[PDB]
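Participant: Sequence first, structure after; it's an experimental one.
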Amino acid sequence: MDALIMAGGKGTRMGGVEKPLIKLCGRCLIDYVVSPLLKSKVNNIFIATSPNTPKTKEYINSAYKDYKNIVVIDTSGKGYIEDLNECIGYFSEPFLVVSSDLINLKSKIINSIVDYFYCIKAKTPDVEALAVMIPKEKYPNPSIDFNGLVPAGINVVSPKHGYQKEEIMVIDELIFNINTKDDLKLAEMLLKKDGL
C-alpha cells in the first residue's frame, strides 16, 4: 500500500490550522508521524500539503530533500475531505490516510490496519475503505468534551471519485497529539519513560 500524510494545517484536533511542525525532543510532529510509516509496510509516502500552508510544506520539502520514498504533493489539504477527494482521484491504488498530529509508534498499527482491511475485503469484496477509531471518553486528550468519536490512528480508502463504504474497527491503542504546552509535557513523559 501507499501512505498519505496530510500535513497542511489539518489534523485531528479542533479545526482551523493545526501545526504539524511542533517539535518535541528532536523531531517535528509530522516527522514523528512519517518516520514509522516510512519504515513500515508502506512503500512510498505521499505528503499532502496546501498552498495555504507551505511552511509545513517548505519544512517537509527541506527535511526530505533527499527523498527516496518521500513524495510531496499539493492538494486541497486545507480541507480534510477535500484533500482526500483530490488524493483518491489521483491514486491508482489503495492508500493509507493519516493525521499529522498523532504521536505513537504506528508500526504495529499499520500492519494491523492493512491486514484487517484486506481480511474484510476477502470476506466482503464490497468494502473499499477502513477506519479505525476510538471512543472520545477513553481518549487521553479531549479538546472540549468526551462527546463524539475520534480516529485511533490511520485510515484506508480506495482510489475512486466520491465516497465509499468504509468499515469500522475499534482498538484499544492510544495516541498522543500535540496542540499545546501540556501536551508536550504529556508526550515528553512517555519519551522520558522510554529513555529510562
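Facilitator: Happy to help now that I have it. Numbers count the residues shown, from 1 in each chain.
Participant: so residue 75 touches residue 83, yeah?
Facilitator: Yes: applying CB atoms under 8 Å, one finds residue 75 in contact with residue 83, separated by 5.0 Å. Bear in mind the C-beta positions are built from the backbone N, C-alpha and C, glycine included.
Participant: list residues touching both of these two?
Facilitator: 6, 8, 48, 50 (CB atoms under 8 Å, 6 or more residues apart in numbering).
Participant: phi, psi of the second one?
Facilitator: Meaning residue 8. phi -150, psi 50 (degrees, to the nearest 10).
Participant: isn't it right up against residue 49?
Facilitator: Yes: in terms of CB under 8 Å, residue 8 counts as a neighbour of residue 49; the distance is 4.6 Å.
Participant: overlap in contacts of the two?
Facilitator: The contact sets of residue 8 and residue 49 overlap at 56, 57, 75, 77 (CB under 8 Å, 6+ apart).
Participant: Including distance to residue 30 and neighbour count, could those residues go into a markdown table?
Facilitator: Compiled in a markdown table, these are given as follows (distance: CB to CB, whole Å; neighbours: other CB atoms under 10 Å):
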| residue | distance to residue 30 | neighbour count |
| --- | --- | --- |
| 56 | 7 | 26 |
| 57 | 10 | 22 |
| 75 | 15 | 23 |
| 77 | 12 | 29 |
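Participant: Select, from those, the two members most distant in space.
Facilitator: Greatest spacing in those, by CB to CB: 56 and 75 (12.9 Å).
Participant: list the residues that contact both of these two?
Facilitator: With CB under 8 Å, 6+ apart as the test, residue 56 and residue 75 both reach 8, 49.
Participant: which residue sits farthest out from the middle of this protein?
Facilitator: Residue farthest from the centre of the chain, counting by CA atoms, centre = their mean, is residue 196 at 27.8 Å.
Participant: middle-most residue in the protein, spatially?
Facilitator: For the chain, the residue nearest the mean C-alpha position is residue 98 (1.7 Å; CA atoms, centre = their mean).
Participant: Do I have it right that it meets residue 155?
Facilitator: Yes: counting by CB under 8 Å, residue 98 sits close enough to residue 155 to count as a contact (7.4 Å).
Participant: Tell me the spacing between residue 181 and residue 193.
Facilitator: Distance, residue 181 to residue 193, using CB to CB, to the nearest Å: 19 Å.
Participant: Residue 48 now?
Facilitator: Relative to residue 193, and taking CB to CB, residue 48 is found at 32 Å.
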